[PDB]
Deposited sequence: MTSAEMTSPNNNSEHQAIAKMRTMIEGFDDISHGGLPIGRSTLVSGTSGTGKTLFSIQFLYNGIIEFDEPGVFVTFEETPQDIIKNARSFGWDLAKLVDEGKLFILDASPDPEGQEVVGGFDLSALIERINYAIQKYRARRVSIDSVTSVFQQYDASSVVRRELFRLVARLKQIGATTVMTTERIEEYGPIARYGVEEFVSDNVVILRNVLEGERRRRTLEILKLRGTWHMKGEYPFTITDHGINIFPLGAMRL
């Protein structure tokens, strides 16, 4: 039974049946405001507080200052974790992504990070305007992350709740695990739901499970 690392996110370990596979890549996809960024922070936060596992958060759009400010919403002082050397926020914003895939390796080995979060991968391709080389590029990242033995959570974007899993119809096949966050609207009201669509070489709960965002972060309800 492939080894998993407990995420400690209320409910997720029940749905995943132990947490996220170690050294494997997990895609957390969702429409805007589904809780993709939040999930990836709480994945790094819980690893530091509950198992003293150093974390790397790579951001292509939001700035370290903003990721911190927005985290203070949930009573998390990411400012302190940065000083203590437990967390590292890599800013990869714009002024073959082998230039960046090496910059992350340098931080992982430097900080000795077990957990990694990339948010959001899609933007790199949407910034470079190169929707051709996506399956090849996303694979070079996942593969180079698999060689360092690091448990990774990458977020992607989508336009619909029951349409393609991601934006290019390929990211689901380059990742080991696939988690889908939905914010479905029916009758003028929204319903947040989480779903582990796939986990390679391990069991998990199927279908969508309700969750809500509170002052303590994500809280999923196993049924």
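Gaps in the model relative to the deposited sequence occur at 1 to 16, 112 to 121, 250 to 254, listed in sequence order.
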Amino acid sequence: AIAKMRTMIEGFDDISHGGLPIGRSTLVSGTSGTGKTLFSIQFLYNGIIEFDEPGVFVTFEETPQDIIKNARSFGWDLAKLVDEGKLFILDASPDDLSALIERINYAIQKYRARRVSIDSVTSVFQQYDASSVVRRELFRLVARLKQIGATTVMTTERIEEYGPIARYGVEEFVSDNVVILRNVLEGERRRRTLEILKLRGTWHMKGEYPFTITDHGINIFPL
From here on, numbers count along this sequence of modelled residues.
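Look at the C-alpha B-factors of 26 to 34 and of 157 to 165. On average they run higher in 157 to 165. In this entry, the higher average B-factor at the C-alpha atoms falls on 57 to 65, of the pair 36 to 44 and 57 to 65.
In the deposited entry, the Cα temperature factor of residue 116 sits in the bottom third of values across the chain's modelled residues.
Annotation for residue 172: CA B-factor lies in the highest third of the chain's modelled residues. When all modelled residues of the chain are sorted by CA temperature factor, residue 215 is found within the highest third.
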